Every structure is written in structure tokens, then in C-alpha cells.
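In C-alpha cells, the next block holds one chain alone, the form deposited in one PDB entry.
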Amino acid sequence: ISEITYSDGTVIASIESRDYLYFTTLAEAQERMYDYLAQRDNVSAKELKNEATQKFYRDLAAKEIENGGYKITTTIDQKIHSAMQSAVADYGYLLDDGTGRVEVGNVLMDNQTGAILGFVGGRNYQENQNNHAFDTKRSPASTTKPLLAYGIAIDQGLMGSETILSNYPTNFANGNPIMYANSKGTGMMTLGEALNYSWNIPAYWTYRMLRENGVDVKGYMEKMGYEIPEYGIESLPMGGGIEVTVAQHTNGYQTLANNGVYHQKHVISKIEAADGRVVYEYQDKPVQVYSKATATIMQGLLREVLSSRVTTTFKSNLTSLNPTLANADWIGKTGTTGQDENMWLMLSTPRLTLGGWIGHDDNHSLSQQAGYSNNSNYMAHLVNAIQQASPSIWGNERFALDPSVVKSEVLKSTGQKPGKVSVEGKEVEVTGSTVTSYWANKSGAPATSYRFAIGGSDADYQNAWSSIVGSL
């Protein structure tokens, strides 16, 4: 008889010939066994591409585990995962709104190891077996923005923490206006406002700039396990052309939280043969995906995404349920797809990341505040439930700017050092309030240029610069 265990060695079940925990851990055990048998049999790369061969090797892995005498060690923490099960059972109903039963997926990951400590597969496996933590793929919407746009622009030294971006009206190449909610745009805006409010236009110019600088955006995303088939898409940074599991996407956030270092997500740490020989064991392959300056600058922006409360009530929800816990150093980001079909809230302290999705299995609209309110309230309860079952697991550490970060005094108005600039004839002495801007390059921000923001048409600049000029 084979057995699957929790991280401490406690048997989950034995395998032979009714919850997520079983089928998820079994499924991944079987994946690891498949790689092992394919390697053991020296099956070539090209054979493994053949579908009849996959079927055979999948069936062999299943049988091997039924018939072998394997001990399979998972990353799962029995008390935590258990408390998450109870949390979804007790508080799942918070997610229901006008729109039918709202399904849900959550993944609690260790930021230092990528191990998964526990998860919510859905509202109630007995009613609905689909696994919303591991199998469901949905656009991550604006939770894309920190990873693929802003993070990468900072890492490449093309922007800093208080850099300015255009949220002026602009159209996609088809002539349609880029929209956010029901707004065509406003004007210039700091990266912090862009992120707190989740505006779309800033993210659109950010990606566009990366593309014009020839930046290897695919390299970044692939080092995190992301598979995006087409990068040549205007709305990519807003979630367009991307679909991900909660498990994979929680790994993107783990990378930001873990100071820019990726660790591959996993639920199985080891498989042992009857005799004791290691058939599979998880090997740490940390990767510095974003520089420490970049990750830690982003941690600071993401802390404010939550404390500003603009697109999620979370910090308020949690404060009411557990004010001590609410004082941990939470950072995060919300997502909402275009018709409110899917909501995401990703949360991290320095120790842990908690990814969260909700939506309907057949992809129809949630209520309008499903993500802003319902999901945030639910997650605050989940997060409390994890705390009760494992009271120091969240930790009390703060995120903190790496020493390699560079600090620049810049004009609040331009995101850039004070300077002479040419404004149509007349050269101006650009003056006004300064802020500390954080950069992940060598030299900090540049001097103020005419084209000071990320994005913006001529007209936009004319407009922005006349108010700047207006207040000197």
C-alpha cells in the first residue's frame, strides 16, 4: 500500500485502486512519477510529445503508485489546510451575491520555499469537484500589472517609485478608447496613484515602452513559470491574452514578496520507494527574477495598494476581525476582468503569500462589488482562520527597501530632478515640491525633460505643462 502524508509525516490516505486534498496531491504525485518513469525508461523528448506514449506513461504512473509501496511527502500543513477548509465552509457564503453560487480558489505559499501549505479548491467538493486552486485558468486582469509592466520597467531602470505616467485618453490601434470602469482617462499621475486605482492607460504605455526598448519581457515571465502564448497584445499588461491558475499566479506574487527571488511552487517534496530509495525529491532552484531593489520598491507600492483601500476593503475587514493581525506588513493587488467575471486578490506578508480568485464556472458576471467587498471580506476571514490555527505563521517582519536601492529627490509634478526645460520657445526654470523617488538602476532619476511621463500625446503634454507652468 502507498501513502500520501502531510509535511510532518501524518498519513493523509493510502492509495487504492473524497476531497481536493487527496486528488490534488495524488495528481501531482502521479506527475512526478511520470517524469521518473519516462526518465528511468530513457524515453526521448520527441516520444514524450506523442499522445499514445503519454497515455501509457500516465497509466503506468497511476499503477506504479497503487502497486508500488511509496511514501509520498507533501508540503501541506495539516492544521492550516484544515482551518482553510473550515473557513471556506463557514464563510464561503460571504461570496454569494445576486449571481448564482460563486466559486473560489486560494493557495497559501511559503515565500522562502515555494512550498504550498494549504489551499481552497472550491466551495464544497461534494457539490462541485472542479479544482479552482490548481486547474481553473482565468485572466488575472490587473494583478498582471505589477509583474509584467511596472516591475519590469523599474527593474530595467526605466522608471522609479514616484515616476509620472499619462492616464490621458488614448485609443487602441483599432481606434477604440482604452477604458477603465466607465472613464476614458484623466491626466498625469504617479505610479502609486496608477497602482492604487488600477488605471489601465498607465500600464498600456508602460508595456509599450518595454516593447520599444526591446526588453525581454518573456524571459521575466517564463522564469516564473508563466506560459503566455502571445506577447504582441496591447492589453497584455491588463490581463489580456493571459490565463493562469491560482497556484501559478500565487508564485508570481511569491517572487515579488521573496525580494525578487522565485521558488517553484510544489505540493510534493518527496517520494520514497518501499526500500527507502528516493524516487523524486524537490530541489531548490532559486532565481533572481527581479533585482532586490526592484522587488523591495514594489513591496512598498503594493503595501499602499491595500492601505489606500481604493480597490479593496481588505485592511478594514481584517482590522475588525483581528486588529493585531491587521498590523502585519500586508502588501497586495486586486484584479477585475472587463465584465466582472473574475476577481482576484493576492496578499503577502514577508513569510507567506495568499492568492485568491472568485468567479463562476461558466464565466458569467459577478456583482459589481464582488472583488472590492465580498472577496476582500472573505479573504480577511480566511487569513484570520490561518492565524488561529498557526499563530506565528504570518510573521511580524516588515518588508524593507534593499540597500542597493537608489533614492532621488524629484519634482512631485514631473517625477524627475528639478531643471531647465524648453516649453515652446521660452526655457523654464522648473521648480516646486520634491519627493524621494526610489530607483533600481545605478544613477537614480534623470533631470526633468519635456517628455517627463511614461506616455502622453503632444496635446497631453501641452496641457500638463501649462499647469506645471501655472504654478511657478
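Only residues modelled in both forms are compared. When you see a residue number, it is the position in the sequence shown, counting from 1. Each form is matched to the other, and the largest set of C-alpha atoms that superpose within 1.5 Å is called the rigid core.
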query: Sequence continuity check, residue 17 and residue 18 (deposited residues unmodelled); finding: 10 or more
query: Average Cα temperature factor in the PDB entry - higher stretch of 70 to 78, 195 to 203; finding: 70 to 78
query: Mean C-alpha temperature factor, higher of 313 to 321 and 263 to 271; finding: 263 to 271
query: B-factor third for the C-alpha atom of residue 338 within its chain; finding: middle
query: Chain thirds of CA B-factor: placement of residue 344; finding: lowest
query: For residue 150, the third of its chain into which the C-alpha B factor falls; finding: lowest
query: Within-chain third of residue 284 by Cα B-factor, per the entry; finding: highest
query: Within-chain third of residue 258 by Cα B-factor, per the entry; finding: middle
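FYI, the form deposited in another entry isn't displayed, but the following is about it.
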query: Shifted position (C-alpha, 2 Å or more, core held fixed) between this form and the one not shown, chosen from 404, 50, 436, 443; finding: 50
query: Core-aligned C-alpha movement of residue 26 between this form and the one not shown reaching 2 Å; finding: no
query: Rigid-core superposition between this form and the one not shown, with residue runs of at least 3 whose C-alphas all shift by 2 Å or more; finding: 37 to 57
